[PDB]
Structure formats: C-alpha cells, structure tokens
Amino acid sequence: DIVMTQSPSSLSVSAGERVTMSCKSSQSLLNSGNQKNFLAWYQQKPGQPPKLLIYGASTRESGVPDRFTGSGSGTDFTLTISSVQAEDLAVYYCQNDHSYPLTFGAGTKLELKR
C-alpha cells in the first residue's frame, strides 16, 4: 500500500492568515505517461462526510475558492490556504486516488484562534 504522511497533525491560526500543510507519499504518484499527479485533497467539516476539494494535485473542484491552492509533484505535495476563514474549520486529508487500495493520510486538523 501507499502510505500518505500528513503534517502537521493540527494547527491553530487567526482569520485572514496563511497556512501550509504537507502530504508526502511513500511512492511516486506522478504518471510519467500523461504527466499527471494522482492525488486528491478532501475537506471534512465537523460532523460531515469528506468533500473533494482538489484532484490531480492542483485542480480545484467547482465552487472551491481560490484561497485554496494544491501544489507539488511526484511524492511531495502541499495544500496552502492563503487567507483562512471561519468556514475553513475542518480536517484536511490528502488521498492516493488511483492506486488500489486507495489510501488517505491521517489528516491535518485546522482550528481557528479567537
């Protein structure tokens, strides 16, 4: 199986400020064929199911604001939120989304500071 290592495990930030979170895969996710990275990020708000934010390492889903950016390639990926808002409170997971069994990392919990 592909192990996805997420960090940090939790962070606390004030509204309007930038955060970066890392996701490393134990195997390359880059498809040398079509030069695509098979990596998704999901957001899971408290008491809700996960919801797909980004796939292909950096394509945002419809309706996901531009303050989310996914980047990186091969094994080393990043999710940045340039200006965190109150509704961004959630656990963020990265997922190996094409090589079975499909595998999530352990998640980065984002909490807002008052």
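Residue numbers run from 1 along the displayed sequence.
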| query | finding |
| --- | --- |
| Comparing 45 to 53 with 70 to 78, the one whose average Cα B-factor in the PDB entry is higher | 45 to 53 |
| Out of 35, 28, 83, 59, residue topping the C-alpha B-factor column of the entry | 35 |
| Residue 4 - Cα temperature factor, lowest/middle/highest third of chain | lowest |
| Third of the chain's Cα B-factor distribution that residue 11 belongs to, per the entry | highest |
